[PDB]
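Worksheet: one structure, shown below.
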Ligand SMILES: C[C@@H]1c2ccc(OC[C@H](C)c3ccccc3)cc2C(=O)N1CCOC(=O)NCc1cccc(-c2c[nH]cn2)c1
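Chains as they are written, first to last, in the authors' numbering: chain A, 2 to 215; chain B, 2 to 215.
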């Protein structure tokens, strides 16, 4: 997205959370046209802030919006269970275009936080002899169930061939997901290493694997 | 107040489908500020139409929007699997109001069945060093999105320590899931092999991995 939002935020009932929406001087910074939207997954979204700070009728004053330079911010005070949702920002542009942020998943903690176990697997013997070199990054035992994954070929980001599953709650009531990177045998063998970067609750873990002689 | 959309619509591959969005004279019928969004479950939405009929760059011209009186309509020609999603309409009204429809689930009927690709990964060296031996059975590219998984230690059923993620649709419009088996290094080294057996629509794919010899 052209506007940048943090992937996730969280707080316990009664706490406050602030989420940011960063653009450039030609969008967020160029006018007072920032809006915020709330969506409970699967249901219609709702406009909750317009013109940076204005609440539509029925939106409680626990929601407030502000802007400083090229960054707008939404604050939710006294978190309530109904505030657990996805939040998006938008801003008009210079060419009367419209820019959206990528969305922030806001969790009202329903259980203790849990950092993910991250395990990165290199290509298996069987798939290599089948001319495939898929890497798997296993992410388990985390809460809230929101994670963002990035891959790097050596030091360069790689977006092609990346797939990540939607987190699902497992039998221990914590979430699991897997990110897999479909490489050719040539790609795998011709790089010094590949890395899986897992971000959860604003904290990042990195794992790396490299080809071996056996 | 919400705008009125049918809860569901459908069509076959290559066919067309039209879905409607009915508002009032002071929103949909009041100006040319009608928008349409496409959203796959668990993902951020994508604006596909603005100002009744305009497509953002990169949106296929198979999507077309029109408006008559109080009712806007989206038409998707040449339906593709990727078009199976929720579709929302929106319209600005007076008083800086932004109205949203309740959403239409568009189903693309009779999508092709696809058996899963299964790749079984043995424990990585890093985790065997940290006294862990998780195995991951990666299951991808299958449709419809339901599988069952069974594990074997040698030829015997594994009855504990298994987790399987809820399948999720990926960028190829087919489903992916992971099943992971938590073992200790001692369990991994004692047995001759471990096997993952994936059942999809009555057919079973089995993979086997054994302690390496490197
Ligand atoms: C990922 C991001 C995104 C996030 C949120 C979201 O809706 C949130 C709403 C509340 C919503 C709707 C439906 C369900 C839930 C939430 C849409 C998008 C989008 O599409 N995204 C991808 C980046 O592309 C853009 O920013 N394009 C915006 C665009 C492009 C070109 C022209 C115009 C234009 C001109 N003039 C008026 N409009 C606009």
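The beta-carbon is built from N, C-alpha and C at its ideal position, and this holds for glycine as well.
- Query: Do you know whose CA, among 127/A, 118/A and 153/A, lies nearest residue 143/A's CA?
  - Reply: 118/A
- Task: With a 10 Å radius around its C-beta and 16 neighbouring C-beta atoms as the bar for buried, classify residue 201/B as buried or exposed.
- Result: buried
- Shortest alpha-carbon distance to residue 161/A belongs to which of 72/A, 184/A, 48/A and 13/A? 184/A
- Message: Under 7 Å, Cβ to Cβ, is there at least one residue of chain B near residue 51/A?
- Response: yes
- Buried or exposed: which applies to residue 124/B, given that a residue is buried once 16 or more other Cβ atoms fall within 10 Å of its Cβ? buried
- Sub-7 Å separation of residue 164/B and residue 171/A beta-carbons: yes
- Query: Which ranges does the alpha helix (DSSP H) cover as unbroken runs of at least 4 residues, wholly within the region 114–166 of chain A, from first to last along the chain?
  - Reply: 126–130
- Item | Completely contained beta strand (DSSP E) runs for the region 33–119 of chain B, where each covers 3 or more residues | 35–40, 47–50, 64–69, 72–77, 86–93, 99–101 and 105–109
- Backbone CA spacing between residue 192/B and residue 188/A [nearest angstrom]: 33 Å
- Item | Near-chain A residues of the region 174–202 of chain B (beta-carbon distance less than 7 Å), N- to C-terminal order | 177, 178, 179 and 181
- Query: Nearest chain A C-beta to residue 58/B closer than 7 Å, yes or no?
  - Reply: no
- Query: Just how far apart, CA to CA, sit residue 58/A and residue 2/B?
  - Reply: 12 Å
- Message: Suppose the cutoff is 8 Å on Cβ atoms and the five residues either side in sequence are ignored; what does the same chain contact list for residue 15/A look like?
- Response: 79 and 80
- Query: Grouping DSSP H, G and I as helix and E and B as strand, with all else coil, what is residue 203/A?
  - Reply: coil
- Rounded separation between residue 6/A and residue 52/B - CA only: 26 Å
- Message: Is there a C-beta anywhere in chain B that falls below 7 Å from the one on residue 108/A?
- Response: no
- Query: Mind checking if residue 103/B is an interface residue toward chain A, Cβ cutoff 7 Å exclusive?
  - Reply: yes
- Message: Tell me the DSSP secondary structure of residue 188/B in three-state form.
- Response: helix
- Cβ pair count under 8 Å reaching 3, the region 56–74 of chain A against the region 9–23 of chain B: no
- Message: Does the distance between the C-beta of residue 2/B and the nearest non-hydrogen atom of ligand 1 fall short of 6 Å?
- Response: no
- Message: Cutting at 7 Å between CB atoms, please list the residues of its own chain near residue 48/A, excluding the five before and the five after it.
- Response: 36, 38 and 57
- Task: Would you mind stating whether residue 207/B and residue 196/B have Cβ atoms separated by less than 7 Å?
- Result: yes
- Report the neighbours of residue 3/B on chain A: residues whose CB is nearer than 7 Å to its CB, in chain order. 45
- With a cut-off of 7 Å, does the C-beta of residue 171/A fall near any C-beta of chain B? yes
- Message: Taking only three categories from DSSP, how would you classify residue 210/B?
- Response: strand
- Message: For a contact defined as C-beta to C-beta under 8 Å, what are the partners of residue 55/A on chain B?
- Response: 97
- Integer-rounded CB distance, given that residue 182/B should sit under 8 Å from residue 135/A: At roughly 18 Å, the Cβ-Cβ gap does not stay under 8 Å, so residue 135/A and residue 182/B are not in contact.
- Query: Hey, does residue 166/B have any beta-carbon neighbour from chain A nearer than 7 Å?
  - Reply: yes
- Message: I'd like the list of long-range same chain contacts for residue 34/B, defined as Cβ closer than 7 Å, with 5 residues on each side in sequence excluded.
- Response: 52, 92 and 93
- Query: So, is residue 194/A buried or exposed, given that buried needs 16 or more other C-beta atoms within 10 angstroms?
  - Reply: exposed
- Message: Taking the beta strand (DSSP E) that residue 23/B belongs to, which residues open and close that run?
- Response: 18–23
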